[PDB]
Each structure stands twice: as C-alpha cells, then as structure tokens.
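See structure below.
All values below were derived from every heavy atom in this structure, side-chain atoms included, with hydrogens, water molecules and symmetry-related copies excluded. We name chains A, B, ... by the order of the sequence lines, and we start the count at 1 in each one.
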Amino acid sequence: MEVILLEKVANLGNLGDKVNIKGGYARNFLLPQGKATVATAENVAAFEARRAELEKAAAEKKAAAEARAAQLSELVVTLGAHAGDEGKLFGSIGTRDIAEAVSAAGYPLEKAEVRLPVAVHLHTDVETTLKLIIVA
RNA sequence: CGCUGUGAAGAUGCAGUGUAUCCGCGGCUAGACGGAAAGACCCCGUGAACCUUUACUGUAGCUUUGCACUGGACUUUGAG
Ligand SMILES: [Mg+2]
Ligand SMILES: [Mg+2]
Ligand SMILES: [Mg+2]
Ligand SMILES: [Mg+2]
C-alpha cells in the first residue's frame, strides 16, 4: 500500500516519501488518526501544492512543543486529594485526573501521551522528564 | 352311514362289504386334517427394518497447520 506522509512517523517518516507498508498499518492507524494518505496519482500532485504551507506549520507546532515542554519543566505541583501512602493512596495515582493539576498552574497540558506504564511526551523529537510529588 | 382296503401316502363320496323307514327336540364334543389369522417356528428372496463393531465408504462435531481479517517495535534465527 503506497502512501505519502502528512506527519513524520518514528521509523519511516520522511513526510512525503513513497513508503510501502502493510495494509493494516494504514486503514487502522495512519489514515484514521491522520499521519499519511494513500498515493492516488493526484494526492502526490496536490502534496507539492500544499507542502510549502504545511512543513512550516509542522515546524511551528513542533516549535511550540519544545517551548511548552521547557516552560513547565520545573513544576512540583502537588495534589490535594486524600491519600493513604506515598505511592499507595486511597484513589489512583495515574494519568487519569492530573490534567487539572497542571492546567491550574500554566498550560492546559492535554493528556494524550503522558507516559506512565513522569516522562511527558508531546512530539517525536520532544519529550520532557517531569517529576510529580504527592503529599500523603 | 360303519368297516376293511385303495388312493397326492390317515376317505361321508373310490372298491368290496355290512348296516340302515322319513323328520325334529334336548344333550355331548370323536371326526368333518372343524371356524378364525396368505405360520410367527424352519428354509428361501442377490427382500426390509432397526441394532452393533477394530466390516467398507462417508459424515456432524472436536482438533492441526497455511492463507485472509492482521498491525508497530525490539531481540535468538540462512542466503544475497
Ligand atoms: Mg382308511
Ligand atoms: Mg358342550
Ligand atoms: Mg382349521
Ligand atoms: Mg404363507
């Protein structure tokens, strides 16, 4: 399945390269979310008609990513929820309700890639090692 | 009608012979191979059915792997 990219993917992302991928990589991940588009012999024609105005935007969203990742890299924001122990609380210490904790002291910081299986991820080449402290 | 023979081989009907007027009624069941059911036993039909199994050939189901749905990455794995 020949597709051309819109955003850059981690392994094969050249943002417009003729990439041959399994049919399940597209149709289930890339096309629905939006990270690429099928080459229909005209999408590539219309990609150059929009590449000039899109790669500058892609840098701009990337530029805002590092600015936001570095602006709020020194917060020690603490929750006021009831807890039983530092690590074993009455609720759940996870990326489910901390959105309002960081939004009240700066950027909203919508939680989509705050990895915690506190390194928050926001772009392919941008990642911040935030540290969360909770009083218990 | 009986008897003795004969006879598809156990006779009311054939032969010989004996007995015996015609016709009921109440009884009895020895025979009419008495009535009833195209013997069920037995054998046969290149008949049926249902049942069994390590009869044959199949098959539901269960199970194995290939391919599709079906993808990313990292690692132990041959030749270019
Ligand atoms: Mg006689
Ligand atoms: Mg009587
Ligand atoms: Mg009779
Ligand atoms: Mg008969």
Applying the Watson-Crick and G-U wobble criteria at under 3.5 Å, what pairs with [N]? Answer none if nothing qualifies.
N     : result
B/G78 : none
B/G18 : B/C1
B/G66 : none
B/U59 : none
B/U52 : none

Is the [N]-[M] step stacked (ring centres under 5.5 angstrom, plane angle under 30°)?
N     : M     : result
B/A37 : B/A38 : no
B/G10 : B/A11 : no
B/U19 : B/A20 : yes
B/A15 : B/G16 : yes
B/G24 : B/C25 : yes

Look at the side-chain N and O atoms of A/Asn11 and state whether any lies under 4.0 Å from the OP1 or OP2 oxygen of B/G72.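 No, outside the criterion.
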A/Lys22 vs B/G72: side-chain N/O to OP1/OP2 distance below 4.0 Å: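 So the side-chain polar atoms of A/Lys22 do come within 4.0 Å of the phosphate oxygens OP1 or OP2 of B/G72, strictly under.
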When the [atom1] atoms of [N] and [M] are considered, how many whole Å apart are they?
N     : M     : atom1 : value
B/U12 : B/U19 : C1'   : 15 Å
B/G2  : B/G13 : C1'   : 14 Å
B/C1  : B/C22 : P     : 11 Å
B/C14 : B/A8  : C1'   : 14 Å
B/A15 : B/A37 : P     : 37 Å
B/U6  : B/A11 : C1'   : 10 Å
B/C3  : B/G27 : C1'   : 28 Å
B/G10 : B/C33 : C1'   : 8 Å

Can A/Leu75 and A/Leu130 be said to form a side chain to side chain contact (heavy atoms under 4.5 Å, CB included), step by step? CA-CA 8 Å; A/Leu75 55 92; A/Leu130 197 138; 3.7 Å; yes
Gap between atoms [atom1] and [atom2], on [X] and [N] respectively (whole Å):
X       : N     : atom1 : atom2 : result
A/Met1  : B/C69 : CE    : P     : 12 Å
A/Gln33 : B/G71 : CD    : P     : 18 Å
A/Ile21 : B/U70 : CD1   : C1'   : 14 Å
A/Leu30 : B/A73 : CG    : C1'   : 14 Å
A/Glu7  : B/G72 : CD    : P     : 18 Å
A/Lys8  : B/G72 : NZ    : P     : 18 Å
A/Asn28 : B/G72 : CG    : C1'   : 12 Å

How would the sugar of [N] be described, north or south, if a positive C1'-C2'-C3'-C4' means north and a negative one means south?
N     : answer
B/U29 : south
B/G34 : north
B/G45 : south
B/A38 : south
B/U65 : north

If only atom types and distance count, is the side chain of A/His82 paired as donor or acceptor with the main-chain N or O of A/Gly84 below 3.5 Å? no
Smallest separation among heavy atoms of [X] and [Y], with atom names:
X        : Y        : result
A/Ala65  : A/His123 : CB-CB, 4.3 Å
A/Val114 : A/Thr95  : O-CG2, 3.5 Å
A/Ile133 : A/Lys131 : CD1-CD, 3.6 Å

In Å and rounded to the nearest 0.5 Å, what is the NZ to CG distance from A/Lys22 to A/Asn20? 10.5 Å
Please lay out, stage by stage, how A/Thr78 and A/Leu132 fare under the test side chain to side chain contact (heavy atoms under 4.5 Å, CB included). CA-CA 7 Å; A/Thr78 316; A/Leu132 189 73; over 6 Å; no
Remember a base hit wins even if backbone is also touched, and classify A/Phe29 as base, sugar-phosphate or nothing at under 4.0 Å, heavy atoms. nothing
